[PDB]
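Just so it is clear, the values below take in all heavy atoms, side chains as well, and ignore hydrogens, waters and symmetry mates. Naming convention: chains lettered A, B, ... in sequence-line order (proteins, then strands); numbering from 1 in each chain.
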Amino acid sequence: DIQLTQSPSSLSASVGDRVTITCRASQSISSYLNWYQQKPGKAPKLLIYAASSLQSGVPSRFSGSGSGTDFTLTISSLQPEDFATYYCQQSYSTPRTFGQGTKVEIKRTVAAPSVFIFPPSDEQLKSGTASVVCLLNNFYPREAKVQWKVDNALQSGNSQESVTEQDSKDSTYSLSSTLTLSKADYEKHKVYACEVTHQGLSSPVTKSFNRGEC
Amino acid sequence: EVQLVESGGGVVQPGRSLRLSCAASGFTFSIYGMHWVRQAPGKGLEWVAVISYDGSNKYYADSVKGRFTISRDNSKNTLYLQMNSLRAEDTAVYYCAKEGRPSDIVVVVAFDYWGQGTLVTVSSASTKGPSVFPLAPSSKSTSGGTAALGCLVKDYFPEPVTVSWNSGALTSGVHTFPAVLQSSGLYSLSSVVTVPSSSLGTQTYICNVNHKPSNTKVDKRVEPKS
């Protein structure tokens, strides 16, 4: 199995930037390397084949170079429709293999999240389960840390997070984290809080409530 | 124009079988090698299998060798992937892809055209409509001029669900998050929107949740608590 390692795994860039993505193969593969572009929920599209040949219909700002073990995909002037995930792919031997992909993201200014916490509705408690939702709204960059605390004790292994793609209007991220526990456990504790750490916040920000609107 | 229309996806119990189809048009199908590629939810592209123009040479990825069979019908211009003994790791969107040049042209192989993809979910979970719960902001909140509210779309199977707000008349500030898979095998999703704090008890906010695989439509009004 020929392994393809892309770098970086993601990068933030602006419209007009020169962008460079590297692909490294575990053994020499001559010029048997292709590049694909994929956008969320769409099929990949071929950009470059045989290391440096431009696929028909692909704009000339895309170019490929390299040979042997080191390959490069270059976008000479990044356009808005170029934010996407890029994959290298080797056809030197079987099985065919792919790089892990490089996500080209939109660069912008740091933005602190606005943090909101939601208690479980009484309607949900009737089913026997309680969900406590922490929302982080419109922040950048994507990296953020969410800590759940119950009666001031740091939780782990009982939450799940989900993050949106970059907003089409302001290029920010939003994140929702859900703490899940039974109604019986929810009734046995008073203080529920999520603490958010992010580059835009001088100190971590905590949103809390007391069970029963106390 | 080259077309590759795929079908045959859906939910399959673990250990069962499923046949995928890829109908080709707009090129001479029987002189082209064809491939299957898959992509697990949130993951990278992963090569699956290849079949030569005449069906004679077939090769498979290490993780599917033995279980998967690739085949073709050069009269119907259709590519097939028989998938047997499915595991949770086989859950993915499956693409078919056409080689760039006829098989008898000796060039670097590249996948110059791909099908739209068909989703295969390997799971024993039963189809279930979602429960929609309100994510209500507090009535006595004083922290800002903007408030967030939302809907918690919990315990449905399978994907996907659609969430709009006020029948689509509210799109500004709306964030519908990717679903997450819980340890019960059911999916969970949140859709939120930020609105003027002064609007909460005056403007009516309704999240519209539709889940086709169960023909379930739920309209939930989200109001402040207490």
Side-chain angles (χ1 to χ4, degrees), chain A residues 114 116-137 160-162 164 174-183 186 192 207 209 211-213, chain B residues 125-141 146-182 184 186-226:
Chain A
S114 303
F116 306 92
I117 193 171
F118 296 103
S121 66
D122 298 322
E123 177 188 343
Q124 183 189 20
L125 292 184
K126 297 179 185 176
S127 75
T129 303
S131 300
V132 190
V133 175
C134 188
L135 163 63
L136 290 56
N137 213 41
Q160 299 188 276
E161 308 176 345
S162 167
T164 54
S174 282
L175 182 155
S176 117
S177 166
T178 300
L179 175 77
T180 302
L181 63 168
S182 64
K183 172 185 183 169
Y186 176 77
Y192 294 85
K207 289 299 187 179
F209 64 90
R211 171 185 47 79
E213 195 165 320
Chain B
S126 286
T127 296
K128 181 180 176 299
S131 305
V132 182
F133 303 111
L135 295 178
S138 165
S139 215
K140 37 208 55 182
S141 166
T146 297
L149 53 90
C151 275
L152 174 65
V153 184
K154 183 159 168 56
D155 292 339
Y156 62 93
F157 184 92
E159 316 215 56
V161 305
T162 62
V163 180
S164 59
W165 286 90
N166 293 334
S167 312
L170 178 58
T171 67
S172 172
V174 161
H175 297 306
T176 304
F177 293 90
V180 305
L181 185 63
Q182 307 166 102
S184 62
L186 307 185
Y187 292 89
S188 167
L189 181 148
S190 279
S191 173
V192 306
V193 61
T194 52
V195 296
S197 295
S198 303
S199 77
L200 290 175
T202 298
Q203 178 59 220
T204 48
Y205 299 103
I206 297 168
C207 81
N208 325 90
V209 177
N210 185 10
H211 186 237
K212 303 190 316 301
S214 59
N215 280 77
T216 298
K217 291 197 59 179
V218 175
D219 289 329
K220 196 66 181 61
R221 63 247 67 87
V222 178
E223 317 214 319
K225 201 210 295 276
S226 185

Using side-chain heavy atoms (C-beta onward) and a distance below 4.5 Å, is [X] in contact with [Y]?
X        : Y        : value
B/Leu200 : B/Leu149 : yes
B/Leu152 : B/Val132 : no
B/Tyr187 : B/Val180 : no
B/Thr146 : A/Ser114 : no
B/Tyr205 : B/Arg221 : no
B/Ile206 : B/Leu170 : no
B/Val163 : B/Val209 : yes
A/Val132 : A/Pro120 : yes

Can you name the one residue among B/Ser139, B/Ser226, B/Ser138 that meets side-chain hydrogen bond (donor to acceptor under 3.5 Å, both in side chains) with A/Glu213? B/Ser226
Would you find more than 12 non-hydrogen atoms of other residues, nucleotides or ligands less than 6.0 Å from B/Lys217 atom NZ? no
Are more than 12 heavy atoms, taken from residues, nucleotides or ligands other than A/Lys207, located less than 6.0 Å from that residue's NZ atom? no
Any chance you could lay out the side chain to side chain contact (heavy atoms under 4.5 Å, CB included) test for A/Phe116 and B/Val192, step after step, and finish with the verdict? CA-CA 11 Å; A/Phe116 306 92; B/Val192 306; over 6 Å; no
Hey, mind stepping through A/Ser174 and A/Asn137 against side chain to side chain donor-acceptor pair (under 3.5 Å) and telling me if it holds? CA-CA 5 Å; A/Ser174 282; A/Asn137 213 41; 2.9 Å; yes
Please report the interatomic distance [atom1]([X]) to [atom2]([Y]), rounded to the nearest 0.5 Å.
X        : Y        : atom1 : atom2 : value
B/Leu186 : B/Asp155 : CG    : CG    : 5.0 Å
A/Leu135 : B/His175 : CG    : NE2   : 8.0 Å
A/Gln160 : A/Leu179 : CD    : CG    : 11.0 Å
B/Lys225 : A/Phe118 : NZ    : CZ    : 11.0 Å

Nearest heavy-atom pair of [X] and [Y]: which atoms, and what distance?
X        : Y        : result
B/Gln203 : B/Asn166 : OE1-ND2, 4.5 Å
A/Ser121 : B/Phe133 : OG-CB, 3.8 Å
B/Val161 : B/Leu189 : CG2-CD1, 3.8 Å
B/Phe157 : B/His211 : O-CE1, 3.5 Å
B/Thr127 : B/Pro213 : CG2-O, 3.3 Å
B/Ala136 : B/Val222 : CA-CG1, 4.3 Å

Sidechain-backbone polar pair: A/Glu161 side chain, A/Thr178 backbone, donor-acceptor under 3.5 Å: no
Backbone of B/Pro178 reached by a side-chain donor or acceptor of A/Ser162 within 3.5 Å: yes
Going by side-chain hydrogen bond (donor to acceptor under 3.5 Å, both in side chains), name the residues that satisfy it together with A/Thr129, two or more places apart in sequence or in a different chain. none
What pairs with A/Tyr186 under side-chain hydrogen bond (donor to acceptor under 3.5 Å, both in side chains), at least two apart in sequence or on another chain? none
Donor on one side chain, acceptor on other, [X] and [Y], under 3.5 Å:
X        : Y        : answer
B/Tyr156 : B/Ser131 : no
B/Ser188 : B/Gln182 : no
B/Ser191 : B/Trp165 : yes
B/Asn208 : B/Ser164 : yes
A/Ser131 : A/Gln124 : yes

Applying salt bridge (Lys or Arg N to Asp or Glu O under 4.0 Å), can you list everything that pairs with A/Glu123, at least two apart in sequence or on another chain? B/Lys220
